[PDB]
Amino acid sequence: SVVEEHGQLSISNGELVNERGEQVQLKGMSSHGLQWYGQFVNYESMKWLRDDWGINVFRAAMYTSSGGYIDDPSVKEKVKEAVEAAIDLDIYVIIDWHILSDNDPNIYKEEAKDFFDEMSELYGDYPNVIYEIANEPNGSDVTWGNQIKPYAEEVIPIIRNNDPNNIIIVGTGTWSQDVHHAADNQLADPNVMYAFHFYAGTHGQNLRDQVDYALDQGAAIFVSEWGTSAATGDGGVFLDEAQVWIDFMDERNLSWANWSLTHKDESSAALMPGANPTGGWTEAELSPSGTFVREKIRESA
């Protein structure tokens, strides 16, 4: 229903809009690393998220390093499974080239180009697909102007040759926090958004102001990853600050995906250790973070 209703997404005046030019907001879940917790990514679990939580987007977090795609490329097939499930369930799907320890997206740019060529050739005539080409660039030697923007200007043409206008989300500096620099030096493609990530354990008032600055330059922002925890993915749950961000994102029409759908023993994990990888979770099988995030999406839906 979601993808049939909203159809082709695009960017208009710095806002995510549907095929009638009306603003739309996506809210959903991210997987954890597909090389570790891929069992939670399947049609049945995604259908349960759609029906019980109300998600309208799912993010497939394909780590490149840390035992991910570069080390074992078989994980690409789990991304395909996720995309195909999203198509079958009529929700949107983010294909996330999940750089992290490989902190400069240029390190594996040749592999990125080949991967995005394949994904856009396969899925480029579906409106469900959103490409996230570099999760979290990081490091003082990885800047927008010198590293990230030129990387994007190599990968985006590869995608555009197969898929002229589905949304592409491009990571920003300092673990996708430096939207200010991106917004002052924007890419040419009209259907690009810049990633912004936050963790509720970090006091967020200036980060909100920075997002507003970026929006004020006409840059479109997708909050492609956020958590209720500290910035490590653990360290407790911070629901008061999470709620401030939830309200902020609704006020600004910002789409988002929460980290993450796993039973891992860390505060950001949505599920408790006994949670069925195919869905059906009772209240007791959701963590404090999962309970909150589910309530946020249900409220919205």
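Residue positions are given as counts along the sequence shown, with the first one as 1. The term rigid core refers to the most C-alpha atoms you can superpose between the two forms while keeping them within 1.5 Å.
Open item on the list: Quick check: by Cα RMS after rigid core superposition, does 227-235 or 83-91 differ more from this form in 8 other deposited structures of this protein?
Closed with: Taking the RMS over all superposed structures in 8 other deposited structures of this protein, 227-235 lies farther out.
TODO: Quick one: say whether 232-240 or 253-261 has the higher mean Cα B-factor in the deposited entry.
DONE: Looking at the record's C-alpha B-factors, the answer is 232-240.
Task: Stretch exceeding the other in mean C-alpha B-factor - 21-29, 280-288 - done: Per the PDB entry, the higher value belongs to 280-288.
TODO: Return the residue from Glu132, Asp117, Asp216, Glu225 that has the highest Cα B-factor in the entry.
DONE: Comparing C-alpha B-factors across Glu132, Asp117, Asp216, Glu225, the top value belongs to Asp216.
TODO: Could you say which of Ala220, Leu207, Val142, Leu89 has its CA atom at the highest B factor, as listed in the PDB entry?
DONE: Checking the PDB record, the top C-alpha B-factor among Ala220, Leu207, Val142, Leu89 is at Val142.
Task: Chain-wide C-alpha B factor ranking for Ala60, given as lowest, middle or highest third - done: As the PDB entry reports it, the C-alpha B-factor of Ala60 lands in the lowest third of its chain.
Open item on the list: Splitting the chain's C-alpha B-factors into thirds, which one does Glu153 fall into?
Closed with: For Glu153, the deposited C-alpha B-factor lands in the lowest third.
Open item on the list: Please say which third, lowest, middle or highest, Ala182 falls into when its CA temperature factor is compared across its chain.
Closed with: For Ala182, whose C-alpha B-factor we compare with every modelled residue in the chain, the answer is the middle third.
Open item on the list: Please say which third, lowest, middle or highest, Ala269 falls into when its CA temperature factor is compared across its chain.
Closed with: Middle third of the chain for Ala269's C-alpha B-factor.
- [ ] Quick one: classify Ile94 as lowest, middle or highest third of the chain based on its Cα B-factor.
- [x] As the PDB entry reports it, the C-alpha B-factor of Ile94 lands in the lowest third of its chain.
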